[PDB]
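Here the structure comes first, spelled out in C-alpha cells, and everything after it is commentary.
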Ligand SMILES: Cc1cc2nc3c(=O)[nH]c(=O)nc-3n(C[C@H](O)[C@H](O)[C@H](O)COP(=O)(O)OP(=O)(O)OC[C@H]3O[C@@H](n4cnc5c(N)ncnc54)[C@H](O)[C@@H]3O)c2cc1C
Ligand SMILES: Cc1cc2nc3c(=O)[nH]c(=O)nc-3n(C[C@H](O)[C@H](O)[C@H](O)COP(=O)(O)OP(=O)(O)OC[C@H]3O[C@@H](n4cnc5c(N)ncnc54)[C@H](O)[C@@H]3O)c2cc1C
C-alpha cells in the first residue's frame, strides 16, 4: 500500500510479453504485467472449433522470414528439436471471377504480368513532394496511362485482381493510402502452427507471478517525485519506477478524448503530449477480419492453398477507361447494397498446407465491421458467403456446399473474428488512410511520454510495423533500455 | 563539316537525325560496315522470314523514350510496330520435364525470395550468391528446390549474355520498368531514323583509324582509305569493346582508333571496372507450327544432380561448400532461352538466346549446319515433347506430321571486329558508373561519346544508345545555335 514495482507493463500481447521476458533475462526483479483480458496473447489468439481443430484468429503468419528476428528464433528452435512450428505455405494464387471462373495464370489475360507492371508503375510514382491518393486512384492512373497497351479484359479484371492488397491492409482500396500500399515482402511467409506456441513460450520465460489477468488499467500518473502511479479497475494501486504501455493504438487513442468511462481507456496525468496526441491525426486503424469455414472432410482439389475471389466488374468500366480524356474527366463519370461479390475475399485452403478440412478467409473494412457484427447469426453468414463458396468448390472439381451446421462438401461450423467489437483491440492493426504519415506515430511512441512512461506495441516501430515481430521487437527495445537505466545502480 | 559522327548504329543515327531536326547542316556519318544499324540488324531466312539477330525487344516500356515514340506513331497510323510478347515462362528439365508453375516445386516463388535476398546482400559472382542463398536458407528449402532453383535462376544468363560464374552478383538482378515489347522489326526503326537526315551525310565502308584534336581547336578525322576530314565536333559511337582497343599500342587492329591526345586516364582506367557480355542468337526455322502455343517464352535448364542436393545439406559452411563442389559441353551444359515466335508473330520459328562461353563456340561453327543441328537436336526434341509434338526431322537439304527444320541462322557478334561481343556487362568487382560518367563528360569539349555504354538509364539497351545519341547532338546543336 501502495506496492512498489521496478517496472509495470500494461498489456500481455506479444510486445508486453517480450518486454517482461527481456527484463527477466536482464536480471530485473519485481515487475508486473497488467492485462485487461482473461488471457495472454492479445491479438495473437488461437481458437478451437469443430472436432477440436485449432485456428489462429489473430495473426497466422511469420512475415519477412529473411529478416524476421522472431521467426528466426522459432526456426533455430525447430532446427534443434525437429518439432514443427510453422510451414511455408506460399503457393500459386488461384484467382476467381463469378462469371469467367478461373482467371489466374491465363495466357490471354496475363493478369499477374500486368500486375507486376502496375506495381512497378506504382514504385515509379513514389520517389518526395508528390501527394497521396487512394490506391484506387493509383490503379486508375495506371489504367489511363497504359490503356494503349492493355486488352479490354486486362482493363476489366486487373484492377479487381490487384485488390488482394486490401487483405494485407484490412482496408478498402478507396480508403487505402497509395503511398503505403506497395511494400517489399522480405522473403516468403511462414504459416504459424500455431502462434499460441510462440505466446506460451515467451509467457513462460519470466516469473509466473508477474502476470495479472482480468486487470484493466484505468489511469497512469507521473509523480513529481520521479515515480509512476498505476491505478487498476478494482481499486488496486501500484507504484513503478518505469511503465511500458503496450495497449493497441486505437485504445491508446481513447485517452485524448474527455469521457473516461470507456473500456480500455487509460487516463493520463499529465495528459499525453501534443506530439503523441497529434500523431493520432496522421495514422489510422484497419479492420482485417477472419471467417473460418470448417468442413467434415476435404472434397476439393488441393491444387493451391491460396484462393482469391474477385469482386464483380463491368464491361462498361472498360469503355469509360477507353473514352475518358484524362484523370479529372475519368474521376467524374465513374460516380455516374453489399454482397459477397462486392469485394475481394482472400481464402486460405488449409487442407493443402496443414491437412485440415477448413478454409480460413480474410476480409477488410468496411465488410469486416459488418460481418463481425452479425457473427452470431450463423445462417445469415451462410447465405451471405454461399455464392463465393459454391463458386470456389465448382472451380475446384466439386459441388455446391451443403449446410451441415457423400462427396458433397458439408460445412460443419463457421468461426468469426471479433477484433472490431472487442474493447481491448478495437480493430485489427495500424493502417494508413490517404494523407497519413505513420512515421509521426512511431517517432512519438518510441520517444516516450517521458523518461518513465514508455510505449511498445506494433504501432510504435518502423521495421515490422503492424506485425507480430515488430510488436515483439518494440517490447525488447523498451525493456533493454529500462534494463540498462536500472543497471546503472 | 559542323559535326562528324562515327558509327551508324542507333546512337550515331539519332545523333545525326537530331542534328538535322535542329537545323544543323553539312554533317557526316562515318560507318565502317557496308550497312547502317550496328548491333541492330534484321536478317532474312527460309521463305523470306525476317529476324532481329541483334536487339529484338524494347525494354522498360513504362519509361523507354524510343518505345513511346514508336507507340505514338502506331497510335497515329494504327500500324503494328511491336507486340507485347511477355508471357508465363515454361521451364524444361531434360530429366523431369516441365517444371514451371509446379504445385510442389514453387520455383518461381523461391526465385523471388532469392532475388529479395540478393537485394539485401548489397563482391562475388552470381554463382556464389546463389550458393550463399541455398546454404543460408536450406532449412526452408525442399530437396528438389535446392536441385532445380539454382538452374532456373540462371535464366539471368540470357540477359547479361554471361555464365553465372563469370557474372557479377552486384549487377545481376535488376528491375524492369514494365513489360517488354518485341519489335517487328528493329529495322523499321533503323530505317525511319536513317532517312530523317540527308542521305549524302552517310559514308559506308569507311573505317576510322585516328581522331585528332588540333591544338588549333578543331578535330581531324581520317578514314582507312586515307581520306582526311575536318569538323568542329565529333561524336564517337563505336562499341565499348572496340573503343577499348585504343588503350593498346598495336595499330592494325580492325576497328581501333588512334587518339591524339590519348584518351584521358579516367577513360582508360574505367575499362578496368566494366567489361563486355556475349549474348548470341540462333534461329530455328520450321516448315509449319505443329506444337502448342501455350507460351512464347521457353527456358531449358542445364542438368542438375541429386548429388548436388546432398552436398548442400551436408555443408557445414561456405568454405566447405566450395570444396565439395569443384570436387565436354552439350546443349544441356547451360541454360538456353527459346522464344516461340509462332504464338506472338505467327512465324514457325524459334529464336534462341545463348551466353558466353557457349556463344563464341557456336558462332565459330555457324557455317556447319549438320553440327549445329546435332548439337541442338536434344533440347529441340525435348521442347517439342513438352509441347505435344514429336522429334524434329532435319529438312535442311532436300528431302508426315512431325516438325521439319528447314534452316538455322546463327549470330556472329563475337567474331565481328566492329562489335567484338554483344554489349557491356559486369565481371565480379566491376562498376559501370566509372565508364558511364567518363563517356558522359567526353574527351574534351569537341570529342564526345555516345552508345549503349555511355548512359545510365538504358545502359546496354537500344534506347540507351538512342538517347545517348540525342544527348550529344542536342548538346552540340545548342552550342552551334548560340553563334
Ligand atoms: C486479424 C489479424 C491478423 C493479423 N495477421 C498477422 C499476420 O499474419 N502476421 C503478423 O505478423 N501480424 C499479424 N497481425 C498483427 C499482429 O497480430 C499485431 O501486430 C500484434 O499481435 C500486436 O501485438 P501488441 O502486443 O502490439 O498488441 P496487443 O497484443 O493487441 O496488445 C497487448 C494487450 O494490451 C491489452 N490492453 C488493452 N487495454 C488494456 C488495459 N486498459 N489494461 C490492460 N491491458 C490492456 C490488450 O488486452 C492486449 O492483450 C494480425 C492482426 C490481426 C488483428
Ligand atoms: C544479340 C544481341 C541481342 C540484343 N538484344 C537487345 C534487346 O533485346 N534490346 C535492346 O535494347 N538491346 C539489345 N541488344 C543491345 C543493343 O543492340 C545495343 O545496346 C545497341 O544496338 C548498340 O547501339 P550503339 O549504336 O551504341 O552501338 P552499335 O550500333 O553497335 O555501333 C554503331 C556503329 O559503330 C560502327 N563502328 C565501329 N567501329 C567503327 C569504326 N572504327 N569506324 C566507323 N564505324 C565504326 C559499327 O559498325 C556500328 O555500325 C542486343 C545486342 C545483341 C548483340
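When the alpha carbon gyration tensor of segment B:1-71 is reduced to an equivalent ellipsoid, the three semi-axes, largest first, read 26, 19, 9 Å.
Does chain A classify as rounded, prolate or oblate by the C-alpha gyration tensor (a ≥ b ≥ c root eigenvalues; a/c under 1.5 gives rounded; else a/b over b/c gives prolate, otherwise oblate)? Judged from the Cα gyration tensor, chain A comes out prolate (a/c at least 1.5, a/b above b/c).
How are the Cα pair distances of segment A:434-473 distributed, in percent, across 10 Å bins from 0? In order of increasing distance, the bins hold 34, 49, 16, 1 percent.
The mean number of partner chain beta-carbon atoms within 10 angstrom of a residue's beta-carbon across peptide B:81-92 is 2. The spacing between segment B:242-314 and segment B:424-483, judged by their C-alpha centroids, is 21 Å.
Per-residue mean of foreign Cβ neighbours for A:181-190 is 3 (Cβ atoms of other chains, 10 Å radius). When each of B:365, A:392 is scored by the number of other beta-carbon atoms lying within 10 Å, the sequence from fewest to most is B:365, A:392.
Distance from the C-alpha centroid of segment A:2-22 to that of segment B:37-61: 69 Å, rounded to the whole angstrom.
With the radius of gyration and the Kirkwood radius both derived from the Cα set of segment A:346-470, what is their ratio Rg to Rh? A ratio of 1.11. So if the hydrodynamic radius of segment B:374-423 is defined as the Kirkwood radius over C-alpha pairs, what does Stokes-Einstein give as its diffusion coefficient at 10 °C and 1.306 mPa s, in µm² per second? Estimated via Stokes-Einstein, D reaches 121 µm²/s.
Here the contact order of segment A:198-274, divided by its residue count and restricted to Cα pairs under 8 Å and six or more residues apart, works out to 27 percent. The convex hull built on the alpha-carbon positions of the protein assembly as shown has an orientation-averaged projected area of 48.3 nm². Once divided by 2.2 N^0.38 Å, the Cα radius of gyration of segment B:280-345 becomes 1.70. Helix-only arithmetic for chain B: the sum of -39500 (n - 2.57) across DSSP H runs with n ≥ 4, divided by the residue total, places the mean residue ellipticity at 222 nm at -9500 deg cm²/dmol. If you count the DSSP beta bridges with both ends in segment A:138-269, what percent of them are antiparallel, to the nearest 5? Around 75 percent antiparallel, to the nearest 5.
Averaged over peptide A:113-125, the number of partner chain Cβ atoms lying within 10 Å of each residue's Cβ comes to 3.
When the alpha carbon coordinates of segment B:150-297 are projected onto the principal axes, the ranges are 65, 39, 31 Å, largest first.
Oblate is the label for segment A:211-349. Its Cα gyration tensor axes, ordered a ≥ b ≥ c, give a/c of at least 1.5 and b/c at or above a/b. Modelled this way, with points 7 Å down the Cα-to-C-beta line, the labels at residue B:457 and residue B:391 are 5.4 nm from one another. For segment A:146-276, relative contact order (Cα pairs under 8 Å, six or more residues apart, normalised by length) works out to 15 percent.
Averaging Cα coordinates gives a centre for segment B:170-204 and one for segment A:108-165; these two points are 27 Å apart. Take every DSSP beta bridge whose two residues both sit in chain A; close to 65 percent of them are antiparallel.
Don't worry about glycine lacking a Cβ; one is built from the backbone with ideal geometry, like all the others, and counts go over all protein chains shown. We did not get these values from a lab; they are worked out from the coordinates using the rules stated.
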